[PDB]
């Protein structure tokens, strides 16, 4: 009666122990599975009404699922919500609804070699001089993956950068924080570190992991997935809060391991019972963690116990000071544009100011409204489609049209409320190529610049 999907690298046997205690009490059998590519197969099986009752995955994928209506809105009462860190609740919200239970929390931290650097710097500003001192021992102060905005963002955000403003339980996709004074300040500092020869523009993930793990550099910036390679290296390392910039914390993106209930589940009360009363408890998380460490957790009572490990407490401190990873598809524009901006600024192809201005422009440029239109499932006579709900408060309704590609027969259409992000097209024809267009209408009798279309062969 409860089928749960969780990745093969998590403590699925521990989860199954919690499930056998539930069965003890209810007589309901819990079945924990860990299929290959489970994050890809879930939406395929869930969309046709199948799939597990509960799925565990990083929250950033759950926005995609919630876009497609594949996750049940959950109903934890205020007392239950107060049991978890407030900010974890922000990671599981989509289009005005809570769509999963937060489980665990992941963020970058400062990792340091305790033999080379027993007292790591609290500020980014102190790094040039620490590097000068360490170069003289033929070492360096810091190496990390400069190639990727995920790893450089925490410095660029410190002084005021942000991806998309998050304000009332929602992202404002028009308010983007890439070319502001703060972002420019962080990026200039990083580029000065390179110009002044404390870092190399070409350092990537392996080059930094090798240097740290060989004892060649005193610090790196990395996440809890890196620790076991360090354990095996025999560097005596610590994990601490990221340095401050201009007196403000570095702000790493936060990934929250979450548990959603399948919208098609006939067991949703069962799932809530299991998730609220068995799994999100000291005893339940202990059972999973004892099998495979969950890292830092959303549940305050048990985080308080795990925090005896300074590395876990560091993950949570850095997470609380960081910014939940947006669960919206506009993030792909962000990564493309910021990735280019940092590479150009670091190589001196562009100045920091022009690089970030171009990145900002690229992210906020006119595009599809809605965006992210997709076929979620198909049969030979029907399609289930979905689109991003980011503009729902500005949209009165969506007008959806569809017809064979290239053809002149009467276009078929219908509408759906502006709070919606899914539709079913049916009465279709096997093997036929169809064009599907979605127009987003405002409250004032016009559609927003740029309806979106896709083709799909039935």
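Numbering follows the first chain given and starts at 1.
Taking the mean C-alpha B-factor of each stretch as recorded, 41 to 49 and 398 to 406 are not equal, and the higher mean is that of 41 to 49. The PDB entry assigns the greatest CA B-factor among 419, 415, 422, 26 to 26.
Among the modelled residues of its chain, residue 118 has a C-alpha B-factor that falls in the highest third, as given in the PDB entry.
Remark: residue 94 belongs to the middle third of its chain, ranked by C-alpha B-factor as recorded. When the modelled residues of the chain are ordered by their C-alpha B factor, residue 432 lands in the highest third.
In the PDB entry, residue 452 places in the lowest third of its chain by CA B-factor. Annotation for residue 235: C-alpha temperature factor in the highest third relative to the rest of the modelled chain, per the entry.
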